[PDB]
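Accompanying notes for the structure given below.
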Amino acid sequence: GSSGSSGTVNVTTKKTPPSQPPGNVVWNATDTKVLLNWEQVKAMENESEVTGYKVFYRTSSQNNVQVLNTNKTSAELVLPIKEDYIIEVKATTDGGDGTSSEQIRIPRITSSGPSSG
């Protein structure tokens with residue numbers, strides 16, 4: 001087909017997100033879960049505050065990443081079944097989603113011999 005572009009004024013509606021991604025996005029692996037943790041995001045004046053975040057977790061590849069609702073600065077996922085895990089934290093507000101932090105790299109379960117003695 002074809003495409004074009006010109007531009008046309010417009011108006012605004014509803015508040016807007018901070019756009020600031022959650023930092024200190026740390027993770028962990030214990031027992032049989034993934035303890036995720038990341039700082040909080042506070043929107044400036046007018047900006048919409050963060051009421052929650054979206055934990056975007058997907059395999060080293062995956063087709064469509066999934067979203068997990070979390071009304072906190074932490075989260076808990078399931079152990080990675082082979083292939084690295086690309087986790088992305090997104091700060092959502094009353095307006096909608098926000099920005100996605102830095103994809104997390106979680107390597108599968110090591111490959112060592114259990115019961116050593």
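For the reader, a short list of remarks on this structure follows.
- Test result for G52, without any contact (Cβ under 8 Å) to a residue 60 or more places away in the chain, of a type in the set (G, A, S) and surrounded by 10 or more Cβ atoms within 10 Å (Cβ to Cβ): yes
- Restricting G23, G52 to those that are over 10 Å from the mean Cα position of the chain (by Cα) and part of a strand (DSSP E or B) reduces the list to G52.
- Summed over the range 85-117, the residues that are surrounded by fewer than 20 Cβ atoms within 10 Å (Cβ to Cβ) and either more than 17 Å from the chain's Cα centre (by Cα) or in a loop (DSSP other than H, G, I, E, B) (or both) give a count of 18.
- Residue in the range 40-49 that is on the phi < 0 side of the Ramachandran plot, of a type in the set (G, A, S) and touching a strand residue (DSSP E or B) at 6+ places or on another chain (Cβ under 8 Å) present: yes
- Of everything listed in (1) touching a residue at least 24 places away in the same chain (Cβ under 8 Å); (2) in a loop (DSSP other than H, G, I, E, B); (3) surrounded by fewer than 17 Cβ atoms within 10 Å (Cβ to Cβ), the single unmet condition for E76 is (2).
- Some residue of the range 3-12 being surrounded by 10 or more Cβ atoms within 10 Å (Cβ to Cβ) and part of a loop (DSSP other than H, G, I, E, B): no
No lab work stands behind these numbers, since they all come straight from the coordinates. Because the Cβ atoms are built from the backbone with ideal geometry, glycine has one as well, and the counts that use them run over all protein chains shown.
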